[PDB]
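Here the structure comes first, spelled out in structure tokens, and everything after it is commentary.
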Amino acid sequence: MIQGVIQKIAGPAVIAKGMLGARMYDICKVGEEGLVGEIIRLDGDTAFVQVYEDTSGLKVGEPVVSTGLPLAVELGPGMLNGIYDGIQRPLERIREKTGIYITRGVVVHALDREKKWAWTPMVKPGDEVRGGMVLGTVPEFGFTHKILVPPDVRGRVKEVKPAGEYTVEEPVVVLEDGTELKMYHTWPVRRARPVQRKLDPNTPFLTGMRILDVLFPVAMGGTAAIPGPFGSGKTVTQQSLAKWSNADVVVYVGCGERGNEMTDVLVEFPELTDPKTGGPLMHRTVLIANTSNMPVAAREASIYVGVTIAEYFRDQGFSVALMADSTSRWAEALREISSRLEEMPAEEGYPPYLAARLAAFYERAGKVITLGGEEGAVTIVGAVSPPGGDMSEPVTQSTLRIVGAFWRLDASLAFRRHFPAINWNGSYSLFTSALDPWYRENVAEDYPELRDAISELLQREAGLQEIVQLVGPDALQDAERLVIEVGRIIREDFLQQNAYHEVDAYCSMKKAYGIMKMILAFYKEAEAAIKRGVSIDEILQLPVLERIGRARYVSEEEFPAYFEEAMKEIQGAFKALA
Amino acid sequence: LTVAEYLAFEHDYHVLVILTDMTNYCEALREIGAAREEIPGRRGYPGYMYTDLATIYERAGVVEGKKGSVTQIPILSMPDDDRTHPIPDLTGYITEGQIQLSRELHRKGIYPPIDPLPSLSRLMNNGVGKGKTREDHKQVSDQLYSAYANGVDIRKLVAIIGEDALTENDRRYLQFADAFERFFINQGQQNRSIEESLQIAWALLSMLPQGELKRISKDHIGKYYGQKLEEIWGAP
Amino acid sequence: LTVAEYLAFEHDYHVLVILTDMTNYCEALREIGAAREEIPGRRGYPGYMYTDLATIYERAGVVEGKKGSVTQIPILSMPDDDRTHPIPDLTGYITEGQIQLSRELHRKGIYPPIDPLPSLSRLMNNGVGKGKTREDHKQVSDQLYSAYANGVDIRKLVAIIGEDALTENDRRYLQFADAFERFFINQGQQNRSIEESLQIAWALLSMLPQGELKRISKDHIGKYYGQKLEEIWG
Amino acid sequence: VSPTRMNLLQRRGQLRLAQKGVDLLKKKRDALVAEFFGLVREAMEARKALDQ
């Protein structure tokens, strides 16, 4: 380890002499208290260290020790059910050993070093292993955590620890070249974990919400952007997505949130229940929490820490949903760091490389073939919070250039008690065409046509808004009144979804397909009845209205019979009509 | 804030911190940064201004296992009434809502000149209701907001189309807006309990016809609707 | 200006100084300042531009006991016709008023295209009035300014509501503004005495009702109001 | 127009005024349409009386 002494202190900037051999962006311990800093410039025998925490009280001549490694995360058993800050320090153990305040220079381990894990070997002496292979398994809540050899490590197995209880520091496998492999390894957060091959967006990411799964789908391994306007129910929708998605592991990243909003996340999330097991949802999620008053380095590194953890869980063969609660706050942290570096800004004070960093974060998503030969995916749902909802902000423009879906959350819809408050007019998805074969194979060959028909009906309803504003709906022709009423039905019975209801919180693709079938069949029958001289108000009184309105709340296993009965009675109700 | 934290979390005090002018603080921060040869960020302010303001603001809150609390009311004058100025912008980024003073209300002789329409408390729902203030608080506030917005819009409409062309309910909203400004906002130096404020709000809502109160449940309407302003007001 | 001061204050000459383009002077000043890395004002001009322009402009005036005088008429081209550009801004802050030309008036064939509203003379009050030009000069000037500003405002209103919707007072002010621009401002190369100019001004003011002339005292109105514009010509 | 912060604020105030004018004009249009729809029923009654 390169060891030097402090030569100059100027705020968070420390110049350390005697540091020849220190590498750029290595983590350093500054002063007797061991404050963590990063090398950002090398000059002769000196190194420029940017200290994470406050440097008040430091004196010239205090030791500077280089760890020799860049910013990295420990990947191994013990991350699930854990809460970390932006640089992966366990907040609960920090509270245990320090109090209600976070003191400077506290040393904690990301993975617990005292807990014993039930090791089960899967390799034998003489076996040849490569990066990403499975050395063994360890139980962690409902999962079987696969211990992977690090991606850059290969060799022949010499000795394997038998089944038993060991800590993460115990060398379970040691290779012929003397390399010891433990239950965990470290990976730089700014280097993407290698994969064999990136797959195409063929399969959908099922969030359990009808509007998202049908109108604006995101592919497994895709990326979606959401806005967080106040009063839109963003937190309900985010935690509903966490509960009901088809992802095995959830990673939630809070980059520089408000103190009370971060408290809301940290209190509500442990109370969520996992429907797959009935236990706490926290048993399959990792929370990364940062408030606005934490060091800017941690707030900037939070998303990379989260995406690295997500990539590790993907490399174990799982499907991971990654949610970043505010990339706008992360961008603010990046802007502050660039300003501290005295870099010329681009547009509204942001560094010119803002789009490059956003792309480096978002492009780590995708369905891949892991180095171990299994299949895994990372799906990223990012959130943006412009100053006053003005999307023209460079962060939002940069995000929308690279994300495949945009779920426009609207406060006006939430004011009208339309939940989820997703404005279907401003939302879009680029994954529909790629996902169409999967829909035809897996739910119905008709499904894309039905989805386009429903979207066209919504567009026709939106095209009449100025007429309905100018004159009442009763002044509309029966054809226009029919599409207005069908748009109302579509909204209130397909688009709206109760996140707290016992059966309506989740909706499968087939149930949604049946609902659209019922709605479109009713619309076609009513359009025929209109040209049969039937007036609108007898159609609006049909019980099939209430039948379609109740289709949301019927359970999943009872839906097929309800759907066939409803189709039959919708066919019958219009035949008997005069 | 050091004194506030000490009191609240070592003696269980409920501490209210008032920071009288954060604009002066930010100008001092800019001057200090310039004096130390630092390159400024947006609009000449330090690039770390957001972090500094966060380290000030985020010292308030409630701690698990502690009876005390710290509440902050920062006060800042927007440099040109510009909400997009960096100081109010970053403050809104960090804080939970804002109370906006109205120059129009102030010049009309109303004190305190708080304008309810642009004001917002983001944590309000968590601190009101049954067992905290009263069960009808939230719905009353929503109804007041909607009725006041309706009244202020009808006030601009009446200038062009005249009072006689208005609907009867429009005239009711017009009278409600004036009474709301004169009695609810314009309280002077009075110290009003929450019960007195709710009573005045209900008396103001009673000027509207029953059933126009869409945001309020029928139980609360039956319990509190009907009373006149004359019976409970401080002065005519 | 050294020559002008020498002549005026040593040989009692009345000197008129014309500086063709102070914009070109400020360009050279900016070149020197940028070569010297001076802390700039706005748009890259040196911070000491105000002081330098002051050392130039402040060399005019009259001196107690001496008979000569120095009068300065600098000329400067406002970049993009922007009055808030640093050069015209600092010049206006230093000089005793300015004569501002209007491109809109010029495009209409009016010469000299002097726009009276942005124009100013700080020393006007010292040289006009009873015993200097005429007793009604200042009041007539004030009334003309108010009436012309009213006409310009009514021109702005016309673009929204159309001319046919105007009342008779607004129409009278609009016609006053038109006739003012066409007859008072537009004079060509002819040389008008102050009496002729005041006669034209009173003829234009007679277009308005006698009660609208709030700026003018009633005795002056009785003396001069009522003359027709056709009597001067046509 | 000369680009200055004060001028930018003036333009933003003008934009706000224009938006409020649009809203006010829309409310006036709503009132006019209500009047027009009452008057059309009155006109149809008058036309029927004329036919009689």
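Identifiers in the structure tokens: chain A, B, ... in order shown; residue index from 1 per chain; ligand index from 1 in order shown.
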Pick out each residue of stretch 36-230 of chain C that DSSP on the backbone tags as alpha helix (DSSP H); I need them as a ChimeraX atom specification. /C:49-57,86-94,103-107,124-127,137-161,168-179,194-205,218-224,229-230
If we count only C-alpha atoms, what is near residue D:2 at a cut-off of 12 Å, once residues fewer than 2 positions away on the same chain are taken out, given as a compact mmCIF listing (two decimals) with N, CA and C atoms, in the first residue's frame?
# COMPACT_ATOMS: atom_id res chain seq x y z
N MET C 78 -25.98 52.70 -32.36
CA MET C 78 -26.38 51.71 -31.38
C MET C 78 -26.39 50.33 -32.03
N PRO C 79 -25.64 49.36 -31.51
CA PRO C 79 -25.62 48.03 -32.13
C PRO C 79 -26.98 47.36 -32.05
N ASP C 80 -27.49 46.96 -33.21
CA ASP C 80 -28.81 46.32 -33.33
C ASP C 80 -29.91 47.24 -32.81
N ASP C 81 -29.68 48.55 -32.89
CA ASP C 81 -30.60 49.57 -32.38
C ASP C 81 -30.96 49.35 -30.92
N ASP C 82 -30.03 48.82 -30.14
CA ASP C 82 -30.29 48.47 -28.74
C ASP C 82 -29.84 49.63 -27.86
N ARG C 83 -30.80 50.27 -27.20
CA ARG C 83 -30.49 51.38 -26.31
C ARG C 83 -29.77 50.92 -25.05
N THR C 84 -29.93 49.65 -24.69
CA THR C 84 -29.30 49.12 -23.48
C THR C 84 -27.91 48.56 -23.73
N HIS C 85 -27.38 48.69 -24.94
CA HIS C 85 -26.01 48.30 -25.20
C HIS C 85 -25.07 49.15 -24.35
N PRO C 86 -23.93 48.60 -23.90
CA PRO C 86 -23.06 49.36 -22.99
C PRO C 86 -22.64 50.72 -23.49
N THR D 4 -31.87 40.51 -21.21
CA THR D 4 -31.47 40.78 -19.84
C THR D 4 -32.38 40.01 -18.90
N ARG D 5 -31.91 39.81 -17.67
CA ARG D 5 -32.69 39.07 -16.68
C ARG D 5 -34.02 39.77 -16.40
N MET D 6 -33.99 41.09 -16.27
CA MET D 6 -35.22 41.85 -16.07
C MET D 6 -36.16 41.70 -17.27
N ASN D 7 -35.61 41.77 -18.48
CA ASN D 7 -36.41 41.55 -19.67
C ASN D 7 -36.96 40.13 -19.74
N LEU D 8 -36.17 39.14 -19.32
CA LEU D 8 -36.66 37.76 -19.28
C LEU D 8 -37.85 37.64 -18.33
N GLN D 10 -39.86 40.04 -17.51
CA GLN D 10 -40.98 40.74 -18.14
C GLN D 10 -41.67 39.86 -19.18
N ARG D 11 -40.89 39.15 -19.99
CA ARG D 11 -41.49 38.25 -20.98
C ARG D 11 -42.24 37.11 -20.31
So that I can check the surroundings of residue C:209, please list as a PyMOL selection string every protein, DNA and RNA residue that reaches within 10 Å of it, counting only C-alpha atoms and ignoring chain neighbours fewer than 4 positions away. chain C and resi 169+172+205+213+225-226
Excluding residue A:329 and its own-chain neighbours fewer than 4 positions away, which residues fall within 7 Å of it when counting only C-alpha atoms? Please give them as a ChimeraX atom specification. /A:255-256,333
Taking only C-alpha atoms into account, produce a table as a Markdown table in which each residue of chain D with an atom at most 12 Å from an atom of chain A appears once, together with its shortest atom pair and the distance in Å to one decimal, ordered by chain and rising number.
| residue | atom | partner | partner_atom | distance |
| --- | --- | --- | --- | --- |
| D:26 | CA | A:470 | CA | 9.1 |
| D:27 | CA | A:470 | CA | 10.1 |
| D:28 | CA | A:470 | CA | 11.2 |
| D:29 | CA | A:470 | CA | 8.1 |
| D:30 | CA | A:470 | CA | 6.6 |
| D:31 | CA | A:470 | CA | 10.1 |
| D:32 | CA | A:470 | CA | 10.2 |
| D:33 | CA | A:470 | CA | 7.4 |
| D:34 | CA | A:471 | CA | 8.4 |
| D:35 | CA | A:471 | CA | 11.8 |
| D:36 | CA | A:471 | CA | 10.8 |
| D:37 | CA | A:471 | CA | 9.2 |
File dump, residues just selected, C-alpha atoms, as an mmCIF file, in the first residue's frame:
data_model
loop_
_atom_site.group_PDB
_atom_site.id
_atom_site.type_symbol
_atom_site.label_atom_id
_atom_site.label_comp_id
_atom_site.auth_asym_id
_atom_site.auth_seq_id
_atom_site.Cartn_x
_atom_site.Cartn_y
_atom_site.Cartn_z
ATOM 1 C CA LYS D 26 -62.680 30.551 -22.586
ATOM 2 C CA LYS D 27 -64.938 31.274 -19.606
ATOM 3 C CA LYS D 28 -66.537 34.130 -21.552
ATOM 4 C CA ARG D 29 -67.078 31.735 -24.462
ATOM 5 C CA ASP D 30 -68.759 29.244 -22.123
ATOM 6 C CA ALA D 31 -71.141 31.937 -20.869
ATOM 7 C CA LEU D 32 -71.869 33.021 -24.444
ATOM 8 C CA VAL D 33 -72.581 29.433 -25.506
ATOM 9 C CA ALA D 34 -75.012 28.932 -22.617
ATOM 10 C CA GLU D 35 -76.804 32.135 -23.632
ATOM 11 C CA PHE D 36 -76.811 31.007 -27.273
ATOM 12 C CA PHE D 37 -78.338 27.637 -26.419
#
Please report the interatomic distance between atom CA of residue C:64 and atom CA of residue C:98 in Å with one decimal. 25.4 Å
Residues at most 10 Å from residue C:54, counting only C-alpha atoms, excluding those fewer than 2 positions away in the same chain, as a list in words?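 Listed by chain and then number, they are residues 48, 49, 50, 51, 52, 56, 57, 58, 59, 90, 91, 93, 94 and 95 of chain C.
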For chain B, report every residue with an atom at most 9 Å from chain A (counting only C-alpha atoms), formatted as a VMD selection string. chain B and resid 38 to 42 46 to 61 63 to 64 84 89 to 90 92 to 96 122 to 123
Would you please give, as a list in words, all residues of stretch 210-374 of chain A that DSSP assigns to strand (DSSP E) based on the backbone? residues 218, 219, 223, 224, 225, 226, 227, 249, 250, 251, 252, 253, 285, 286, 287, 288, 319, 320, 321, 322, 323, 324, 366, 367, 368 and 369 of chain A
